[PDB]
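Some notes on the structure that comes next.
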Amino acid sequence: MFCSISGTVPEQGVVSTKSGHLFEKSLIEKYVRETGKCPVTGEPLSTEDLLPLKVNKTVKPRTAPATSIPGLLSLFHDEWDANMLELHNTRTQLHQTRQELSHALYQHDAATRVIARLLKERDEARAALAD
Amino acid sequence: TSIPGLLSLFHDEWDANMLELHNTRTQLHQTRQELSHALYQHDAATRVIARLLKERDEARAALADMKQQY
Amino acid sequence: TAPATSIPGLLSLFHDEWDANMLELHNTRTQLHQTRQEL
Amino acid sequence: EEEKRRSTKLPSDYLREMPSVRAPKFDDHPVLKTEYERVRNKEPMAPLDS
C-alpha cells in the first residue's frame with residue numbers, strides 16, 4: 001500500500017504509468033527532477049507520467065493521546081526523533097555492512113587465487129600420472 | 001506563513017530526510033546483493049578447492065599405485 | 001527562511017505560534033460571549 | 001588462511017574500491033545538517049516545554 005520510497009501509506013497516492021511503482025506525489029516529483037530517473041530502478045521518467053491514484057485515503061485513525069494538539073505535536077516530536085534515529089543507524093549499518101562486503105570480496109579474491117593455484121597442482125599431478 | 005509555512009517546511013524536510021534514507025536503503029540493497037554473491041561464493045570456492053584437492057590426492061594415489069607396481 | 005535550531009527550534013516555534021493561535025481562539029471567543037451577554 | 005597470509009593487496013578495508021559512501025546530502029537544508037551533527041552524538045532533543 002505504501003509508496004516504495006516512503007514505506008507508509010501515501011496521502012497523495014500516485015503510481016507512475018511507465019513503471020508499476022506507486023509513489024509519494026511531492027517526493028517523487030522532487031525525485032524525478034532530482035535525478036531524472038525512476039528511483040525504483042534508475043529507469044528514465046518524467047513528472048507527468050505520474051498517475052494520481054486517489055481513492056480518498058482518509059482512514060488514518062486518531063489514537064488515544066495523539067487525539068490532542070499537545071499530544072499530536074509531542075508525537076510529532078518523538079516522530080522526527082525516531083525518523084532521524086533510524087536514518088543515522090542506517091548510515092552506520094551501511095558502513096559496517098559495506099566493510100563486511102569489502103572483507104568478503106577480499107576473501108573471495110583469496111579463494112579464487114587458491115583455486116587457480118590448486119588447479120595447476122591437480123592438472124600437473126594428472127599429466128604426471130599419465131606417464 | 002506561520003502554520004502553512006511551518007507544515008510546508010516540515011513536509012519538505014521529511015521529504016529530504018527520506019530521500020537520504022532511501023539512499024541508505026538503495027546502497028544497502030546493492031550491498032546485500034553483493035553479500036549474496038560473496039559469502040555464498042566463498043562457500044562455493046571452499047567446495048571448489050575441496051573437489052580439486054580430492055582430485056589431487058586421487059591422482060596422487062593413482063601414481064602411488066603406479067609406482068607400487070614398478 | 002527557517003530556524004537553524006531546526007527540529008528543537010522548529011518545534012519550539014511550531015508550538016509558540018500554534019498556541020498563539022489557540023490563544024487568539026480564546027480571547028476572540030471570550031469577547032464574543034461577553035458581547036452575547038451584553039446583547 | 002595461508003592464501004590470505006600472502007595475498008597481493010590485503011586491505012580488509014577494500015571498501016576503498018567500493019563506491020564512495022557519500023556525506024548525507026542536505027547541503028541545501030541546514031535543518032538536517034544540524035540534525036545529523038547532533039544525532040550522531042545521540043544527545044536527544046529535550047521534550048517540549050513541560
Side-chain angles (χ1 to χ4, degrees), chain A residues 2-16 22-36 39 45-48 50-59 61-63 66-88, chain B residues 1-23, chain C residues 1-25, chain D residues 24-39 45 47-49:
Chain A
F2 338 100
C3 163
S4 267
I5 322 304
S6 266
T8 44
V9 205
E11 205 90 0
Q12 219 306 308
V14 13
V15 200
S16 184
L22 73 82
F23 275 138
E24 216 73 2
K25 192 52 184 142
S26 149
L27 277 65
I28 197 44
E29 287 168 88
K30 174 212 73 35
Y31 214 157
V32 183
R33 282 186 254 75
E34 210 207 340
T35 81
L45 224 7
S46 323
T47 41
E48 182 84 11
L50 270 41
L51 249 172
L53 161 43
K54 322 272 305 168
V55 274
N56 281 185
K57 207 267 196 224
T58 39
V59 88
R62 282 318 172 71
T63 333
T67 332
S68 32
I69 266 71
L72 248 175
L73 62 74
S74 191
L75 313 196
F76 195 65
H77 157 273
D78 62 6
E79 230 68 58
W80 281 82
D81 185 328
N83 229 52
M84 197 60 148
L85 188 50
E86 304 218 347
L87 175 131
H88 67 148
Chain B
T1 47
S2 36
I3 293 278
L6 265 154
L7 72 98
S8 145
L9 46 94
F10 266 123
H11 182 105
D12 303 318
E13 308 321 344
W14 187 84
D15 183 354
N17 203 12
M18 189 35 149
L19 91 87
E20 309 316 301
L21 191 49
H22 188 26
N23 292 325
Chain C
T1 73
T5 38
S6 302
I7 81 86
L10 223 57
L11 260 60
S12 242
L13 225 179
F14 199 50
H15 212 321
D16 205 6
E17 54 202 328
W18 215 198
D19 300 30
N21 190 250
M22 184 132 296
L23 154 85
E24 224 280 335
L25 205 184
Chain D
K25 266 310 162 304
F26 17 92
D27 66 328
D28 283 289
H29 320 109
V31 158
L32 309 145
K33 292 202 139 253
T34 77
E35 283 340 284
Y36 207 8
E37 314 314 332
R38 322 153 62 254
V39 155
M45 189 36 201
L48 272 203
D49 227 329

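The chains referred to below are lettered A, B, ... by the order of the sequence lines, with proteins before strands, and numbering in each begins at 1.
Remark: C:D16 CG to C:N21 CG distance equals 12.0 Å, nearest 0.5 Å. A distance of 12.0 Å separates CG in A:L45 from CZ in A:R33, rounded to the nearest 0.5 Å. Here the straight-line distance linking atom CG of B:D15 with atom CD1 of A:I5 works out to 11.0 Å at 0.5 Å rounding. To the nearest 0.5 Å, the span separating OG on C:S12 from CD1 on C:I7 amounts to 9.5 Å. Considering NZ of A:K54 and CD of A:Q12, their distance stands at 3.5 Å, rounded to 0.5 Å. Taking CG from A:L50 and NZ from A:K25, the interatomic distance works out to 4.0 Å, rounded to the nearest 0.5 Å.
A distance-only check finds no donor-acceptor pair linking the side chain of D:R38 to the backbone of D:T34 [under 3.5 Å].
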* So A:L27 and B:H11, side-chain contact (heavy atoms from CB on, under 4.5 Å) or not? Walk me through it. -> CA-CA 9 Å; A:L27 277 65; B:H11 182 105; 4.2 Å; yes
* To do: Just do the side-chain contact (heavy atoms from CB on, under 4.5 Å) check on D:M45 and C:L11 with the steps written out, would you?
  => CA-CA 10 Å; D:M45 189 36 201; C:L11 260 60; 5.5 Å; no
* **Worked verdict on D:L32 versus D:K25 for side-chain contact (heavy atoms from CB on, under 4.5 Å)** => CA-CA 9 Å; D:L32 309 145; D:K25 266 310 162 304; over 6 Å; no
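A:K57 places a side-chain heavy atom less than 4.5 Å from the side chain of A:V9. Between B:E13 and C:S6 the shortest side-chain heavy-atom distance does not fall below 4.5 Å.
The shortest heavy-atom contact between D:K33 and D:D27 is CE-CA, 3.6 Å. The two residues C:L13 and B:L6 make their nearest non-hydrogen contact at O-CD1, 4.2 Å. Looking at every heavy atom in both residues, A:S6 comes nearest to A:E24 through OG-OE1, 3.3 Å. Heavy-atom minimum distance, A:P10 versus A:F2: CD-CA, 3.8 Å.
Between B:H22 and A:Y31, the ring planes are perpendicular. Angles over 60° get that label, and only those under 30° would be called parallel. In this pair, A:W80 and A:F76 present their aromatic rings perpendicular. The plane angle is above 60°, beyond the 30 to 60° band.
In D:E37, the CD atom is crowded: over 12 heavy atoms of neighbouring residues, nucleotides or ligands sit closer than 6.0 Å.
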